[PDB]
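Every chain is numbered from 1, with letters handed out A, B, ... down the list of sequences. We count ligands from 1, going down the list as the structure has it; atoms in each ligand are counted the same way.
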Amino acid sequence: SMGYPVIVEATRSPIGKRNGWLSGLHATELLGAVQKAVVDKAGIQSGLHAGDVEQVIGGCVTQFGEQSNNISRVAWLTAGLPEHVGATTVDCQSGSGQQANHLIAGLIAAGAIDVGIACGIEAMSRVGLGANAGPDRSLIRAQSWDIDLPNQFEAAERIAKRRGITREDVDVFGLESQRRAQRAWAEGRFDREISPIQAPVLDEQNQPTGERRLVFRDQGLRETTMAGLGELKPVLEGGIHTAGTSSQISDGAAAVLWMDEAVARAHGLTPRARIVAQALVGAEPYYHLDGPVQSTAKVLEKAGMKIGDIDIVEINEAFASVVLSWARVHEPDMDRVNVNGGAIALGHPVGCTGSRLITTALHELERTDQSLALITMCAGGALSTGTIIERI
Amino acid sequence: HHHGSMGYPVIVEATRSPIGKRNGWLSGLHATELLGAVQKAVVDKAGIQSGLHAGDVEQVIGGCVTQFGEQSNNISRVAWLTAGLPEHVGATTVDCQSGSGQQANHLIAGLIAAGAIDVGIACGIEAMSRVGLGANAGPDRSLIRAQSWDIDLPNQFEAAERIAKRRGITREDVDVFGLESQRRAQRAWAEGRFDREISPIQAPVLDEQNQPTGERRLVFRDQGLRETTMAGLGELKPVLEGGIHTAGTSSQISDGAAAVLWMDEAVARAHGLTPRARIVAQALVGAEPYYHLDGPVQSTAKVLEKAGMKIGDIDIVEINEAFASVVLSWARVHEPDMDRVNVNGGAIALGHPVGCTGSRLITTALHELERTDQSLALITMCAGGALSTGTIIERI
Ligand SMILES: CC(C)(COP(=O)(O)OP(=O)(O)OC[C@H]1O[C@@H](n2cnc3c(N)ncnc32)[C@H](O)[C@@H]1OP(=O)(O)O)[C@@H](O)C(=O)NCCC(=O)NCCS
Ligand SMILES: CC(C)(COP(=O)(O)OP(=O)(O)OC[C@H]1O[C@@H](n2cnc3c(N)ncnc32)[C@H](O)[C@@H]1OP(=O)(O)O)[C@@H](O)C(=O)NCCC(=O)NCCS
Ligand SMILES: C[C@H](C(=O)O)[C@H]1CC[C@H]2[C@@H]3CCC4=CC(=O)CC[C@]4(C)[C@H]3CC[C@]12C
Ligand SMILES: C[C@H](C(=O)O)[C@H]1CC[C@H]2[C@@H]3CCC4=CC(=O)CC[C@]4(C)[C@H]3CC[C@]12C
Ligand SMILES: [Cl-]
Ligand SMILES: [Cl-]
Ligand SMILES: [Cl-]
Ligand SMILES: [Cl-]
Ligand SMILES: [Cl-]
Ligand SMILES: [Cl-]
Ligand SMILES: [Cl-]
């Protein structure tokens with residue numbers, strides 16, 4: 001009546017740019033394709049079928065329109081998967097896709113389910129940030145609200161000033177994210193984790209042409225130089241972050257298949273990883289997005305580990321300053337941080353990214369035959385998710 | 001080869017707001033204030049017997065269906081901050097439609113079982129006066145589904161009628177049930193059965209044009225109760241042309257929140273808090289889309305099977321009264337003693353703030369087990385997207 005949760009499979013779509021390669025897919029189609037993909041992948045060398053999954057939990061931030069009404073469920077049904085499977089959609093802002101994994105692991109630990117999928121979706125081309133708040137944003141908080149909680153761009157600058165991070169510092173970091181992303185793609189590091197996705201071809205306007213083709217690669221990569229980044233214009237007046245040093249607006253989905261260990265064996269699936277420690281903590285509202293400092297501290301503490309014990313770190317590149325702040329505090333070996341690039345180069349479909357990072361981290365641990373990875377993300381509402389996973 | 005750092009999740013406290021009618025007693029409260037007040041209330045209730053404080057909570061998980069406007073942007077977190085509670089506590093909001101508030105409890109118990117947290121709050125909120133059903137879908141609802149969608153999934157009112165036809169349920173059948181819901185709720189209230197579980201809430205009063213008067217009042221009663229008779233019910237006009245369900249046999253549109261404080265058993269004891277209940281079995285299953293809301297049949301079956309129990313082993317059942325036919329259909333299949341079903345009334349009389357109800361039902365069931373010195377309760381709810389949540393809880 002108690003479970004031992006392990007990851008048995010993980011996959012993700014390539015990540016499309018805004019109005020890009022995946023923008024012709026209904027949000028429910030994009031998530032549905034990735035849910036089905038993780039099941040199909042597990043099915044190749046086992047007898048596992050979609051009907052064996054008991055619950056799906058998916059992260060999604062802007063739960064409006066195509067992404068409202070429990071997209072995790074609507075996606076499952078839209079993809080033609082079995083109706084008896086339960087589904088829930090969760091929102092802790094950009095932490096959502098990561099928390100989705102924590103939550104599935106918990107249901108397995110409790111003996112509630114033996115097989116579950118944790119996933120994440122965001123189709124930002126079709127449902128943009130703030131679509132869920134309505135036209136008068138003043139209305140979404142109570143009159144009494146008196147917390148200095150800045151928007152994401154102001155946050156990035158407040159964090160930069162807090163650490164003495166310059167335009168030079170962030171441009172250097174943004175260059176390196178593009179370089180590592182390109183290296184990963186040139187070497188084929190993402191081949192295992194990606195499920196290529198069929199998508200409608202768009203004419204030069206954004207109407208479908210009738211064409212439907214496979215999309216293989218992350219669209220956000222582009223040739224980048226220090227000089228080129230230096231010409232970029234800051235999002236805010238007096239700011240240091242530009243499009244070249246901020247996460248991209250993107251479309252994508254990711255899914256991770258979890259099982260109780262003994263049940264994995266019965267299905268003939270190999271346990272690949274487990275959670276050593278997990279957390280979702282609150283951060284300092286003034287800075288808003290400096291929470292990775294706290295979530296990292298918390299999982300290290302729970303695991304009885306130090307930053308040096310970790311082989312691979314995935315810290316979401318919401319903005320360059322978020323990562324540089326975390327680094328100044330935790331003093332990691334940066335050769336171990338976002339080794340295949342991050343959201344500055346690869347994109348950040350907000351509700352997807354948490355599951356995407358767990359997927360990317362696991363595959364990098366396997367590629368290099370290493371053991372421990374830390375995943376940490378800043379999140380809206382001054383929150384941060386953290387996970388330490390270990391290979392089995 | 002390995003074993004674990006696990007928790008044993010138990011409920012230590014549970015409370016709910018009174019449930020207001022649409023544009024009613026609670027309609028003047030911002031949704032974040034209504035939830036925040038109940039979050040704070042469940043923490044305060046524990047603090048009486050202990051040194052537990054809000055900062056000791058590690059995570060909050062809250063259910064909410066229509067996550068638009070006041071209810072968007074992770075209302076669980078916004079509510080916590082708005083009520084002045086400590087910033088370091090994490091929060092997540094969840095959506096499995098009407099199942100949300102119940103699944104919130106399942107998920108907190110999961111995090112404790114996994115050893116992720118020692119202290120958590122499961123909750124639910126819906127301010128339907130301020131954020132109505134469908135506000136999250138946008139102007140044209142055909143857009144929220146892919147062109148390929150070809151599933152015969154009906155709206156909730158069509159579902160209630162399909163379920164009636166599935167079981168041969170008549171207008172008389174549902175009217176008898178609706179009457180009994182009002183009668184049981186009125187008896188429960190008259191006897192003060194709900195006094196323990198209710199946290200009174202201060203609410204700005206709104207006039208008839210829904211504008212504030214400046215007056216604030218303490219709300220402590222469920223607003224949905226009203227004098228009901230078989231003759232009165234028989235006069236009501238069905239919601240759908242040729243249907244059997246009316247306002248008198250359907251759940252009410254309502255405002256409310258509820259919250260349950262969970263801990264690892266050992267941590268509960270360390271704080272001098274008595275463990276009050278645990279989950280025997282929990283589930284969230286998919287239901288048949290054609291009928292949509294008949295899923296309590298399946299979720300009940302699943303938890304009974306996992307628990308190794310029969311319906312006859314259950315002392316108290318809370319099955320959400322989304323529509324009379326949902327409950328009567330479930331009863332026709334599972335054959336419960338109806339004297340044990342919704343003993344203090346249900347959503348037809350008490351109201352149904354959709355995201356709140358799952359937590360509300362656990363709160364109500366626990367308190368009734370305690371009141372009658374009984375052991376086992378089943379909670380089961382139908383949900384949009386053809387889903388259903390089930391829980392068997394047992395007193396400790
Ligand atoms: C930063 C942001 C505002 C940029 O939006 P954008 O201006 O539409 O982005 P673009 O792709 O058009 O890039 C702008 C310009 O920079 C250029 N550029 C972008 N990346 C470049 C690179 N690596 N090298 C050289 N030039 C680059 C573009 O070519 C473009 O050039 P232009 O002068 O011809 O317009 C947008 O990405 C954003 O909002 N990101 C964050 C989203 C978010 O908040 N997520 C949540 C996190 S907390
Ligand atoms: C059923 C429903 C449509 C009724 O809405 P409504 O008509 O605005 O509700 P009202 O309170 O105004 O009641 C309607 C009438 O019935 C009467 N009525 C209600 N309960 C009564 C009772 N117990 N005895 C006698 N009359 C009653 C009212 O007085 C009213 O009279 P009137 O219309 O002639 O003025 C509405 O409650 C509803 O949509 N419920 C479901 C919401 C939902 O979908 N939840 C999710 C479920 S899956
Ligand atoms: C998903 C992101 C994350 O968690 O990384 C979070 C972080 C900061 C969040 C914004 C804060 C300001 C704001 C005020 C409104 O009234 C509407 C919603 C927005 C635009 C917010 C949208 C979500 C954001 C981008
Ligand atoms: C919360 C309820 C529950 O879980 O009991 C569910 C049950 C049926 C759901 C409706 C189905 C039809 C529909 C079509 C749309 O285009 C927009 C959304 C609505 C209005 C749905 C809103 C939520 C409802 C009422
Ligand atoms: Cl099946
Ligand atoms: Cl603010
Ligand atoms: Cl750097
Ligand atoms: Cl192709
Ligand atoms: Cl480059
Ligand atoms: Cl306190
Ligand atoms: Cl009649």
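Considering CD1 of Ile144(B) and CZ of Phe64(A), their distance stands at 10.0 Å, rounded to 0.5 Å. Distance check, rounded to the nearest 0.5 Å: OG1 of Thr66(B) to CG of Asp95(B) gives 8.5 Å. Expressed to the nearest 0.5 Å, how far CD of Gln97(B) lies from SG of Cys64(B) amounts to 10.0 Å. Rounding to the nearest 0.5 Å places CE of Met381(B) at 5.0 Å from CG of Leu361(B). Distance check, rounded to the nearest 0.5 Å: CG of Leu149(A) to OH of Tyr287(A) gives 13.5 Å. Here CG of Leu328(B) is found 9.5 Å from OG1 of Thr249(B). Values are rounded to the nearest 0.5 Å.
The protein does not reach atom 31 (O) of ligand 1 closely, with no heavy atom under 4.0 angstrom from it. For atom 13 (O) of ligand 1, a protein heavy-atom neighbour is found at a distance under 4.0 Å. Inside a 4.0 Å radius of atom 14 (C) of ligand 4 there is not any protein heavy atom. Within the 4.0 angstrom cut-off, atom 5 (O) of ligand 1 has no protein heavy-atom neighbours. Within the 4.0 Å cut-off (strictly below), no protein heavy atom is located near atom 9 (C) of ligand 4. The presence of a protein heavy atom under 4.0 Å from atom 34 (O) of ligand 1 is ruled out. Proximity of atom 27 (C) of ligand 1 to the protein is indicated by at least one non-hydrogen atom lying closer than 4.0 angstrom. Inside a 4.0 Å radius of atom 21 (C) of ligand 1 there is at least one protein heavy atom.
Protein heavy atom nearest atom 21 (C) of ligand 4, with residue, atom name and distance: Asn69(A) OD1, 4.1 Å. In terms of protein heavy-atom proximity, atom 39 (O) of ligand 1 is nearest to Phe153(A) CZ, 3.5 Å. Protein heavy atom in closest approach to atom 3 (C) of ligand 1: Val235(A) CG2, 4.1 Å. Taking atom 24 (C) of ligand 4 as the reference point, the nearest protein heavy-atom neighbour is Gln97(B) OE1, 4.3 Å. Scanning all protein heavy atoms for the shortest distance to atom 20 (C) of ligand 4 gives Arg141(B) NH1, 3.6 Å. Of the protein's non-hydrogen atoms, the one nearest atom 24 (N) of ligand 1 is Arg222(A) NE, 3.7 Å. Counting protein heavy atoms only, atom 15 (C) of ligand 1 is closest to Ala243(A) CB, 4.6 Å. Nearest protein heavy-atom contact of atom 43 (C) of ligand 1 is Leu129(A) CD1, 3.9 Å. Looking only at heavy atoms of the protein, atom 42 (C) of ligand 1 is closest to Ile249(A) CG1, 3.8 Å. Protein heavy atom nearest atom 46 (C) of ligand 1, with residue, atom name and distance: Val350(A) CG1, 4.0 Å. Looking only at protein heavy atoms, the nearest one to atom 11 (O) of ligand 1 is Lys17(A) NZ, 4.4 Å.
Looking at ligand 4, you'll find an N or O of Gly384(B) within less than 3.5 Å of one of its N or O atoms. The N/O atoms of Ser98(B), backbone and side chain alike, include one that comes under 3.5 Å of an N/O atom in ligand 4. Between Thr224(A) and ligand 1, at least one N/O pair is under 3.5 Å apart. Checking only distances, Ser247(A) does come within under 3.5 Å of ligand 1, N or O to N or O. Taking only nitrogen or oxygen atoms, main chain and side chain alike, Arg18(A) does not reach within less than 3.5 Å of ligand 1.
Atoms of ligand 4 lying under 4.0 Å from any heavy atom of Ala383(B), numbered from 1 in the order shown and given with element: 4 (O). Using a 4.0 Å cut-off to heavy atoms of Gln156(B), the atoms of ligand 4 that qualify are 8 (C), 10 (C), 25 (C). Residue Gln152(A) has at least one heavy-atom neighbour below 4.0 Å for each of these atoms of ligand 1: 44 (O), 48 (S). Short contacts between ligand 1 and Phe319(A), defined as distances under 4.0 Å to a heavy atom of the residue, involve ligand atoms 48 (S).
With a 4.5 Å cut-off on side-chain heavy atoms, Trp149(B) and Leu77(A) count as touching. A 4.5 Å side-chain heavy-atom check between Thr300(B) and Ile319(B) finds every atom pair outside the cut-off. With a 4.5 Å cut-off on side-chain heavy atoms, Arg167(A) and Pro234(A) count as touching. Residues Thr88(A) and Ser72(A) are not in side-chain contact: their nearest non-hydrogen atoms beyond the backbone lie 4.5 Å or more apart.
The heavy-atom pair separating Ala345(A) from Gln248(A) by the smallest distance is O-NE2, 3.3 Å.
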**OP:** Under the side chain to side chain donor-acceptor pair (under 3.5 Å) rule, what do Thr93(B) and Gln67(B) come out as? Steps first, then yes or no, please.
**Re:** CA-CA 9 Å; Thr93(B) 301; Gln67(B) 294 179 27; 5.4 Å; no
**OP:** Would you sort out whether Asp169(A) and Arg163(A) count as a salt bridge (charged side-chain N to carboxylate O under 4.0 Å, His left out), showing the intermediate values?
**Re:** CA-CA 11 Å; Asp169(A) 298 334; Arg163(A) 308 294 181 197; over 6 Å; no
Original post:
Is there a side chain to side chain donor-acceptor pair (under 3.5 Å) between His245(B) and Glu161(B) once you walk through the steps?
Top reply: CA-CA 7 Å; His245(B) 294 89; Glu161(B) 297 310 314; 2.8 Å; yes
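A distance-only check finds no donor-acceptor pair linking the side chain of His348(A) to the backbone of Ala343(A) [under 3.5 Å].
Residue contacts with ligand 4 leave out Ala322(B), since none of its heavy atoms falls under 4.0 Å from the ligand.
Contacts of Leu232(A) with ligand 1, taken as heavy-atom pairs under 4.0 Å, involve the side chain alone.
Using a 4.0 Å cut-off between a side-chain N of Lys or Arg and a carboxylate O of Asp or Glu, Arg166(B) and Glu288(B) qualify as a salt bridge. Using a 4.0 Å cut-off between charged nitrogen and carboxylate oxygen, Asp148(A) and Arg158(A) count as a salt-bridge pair.
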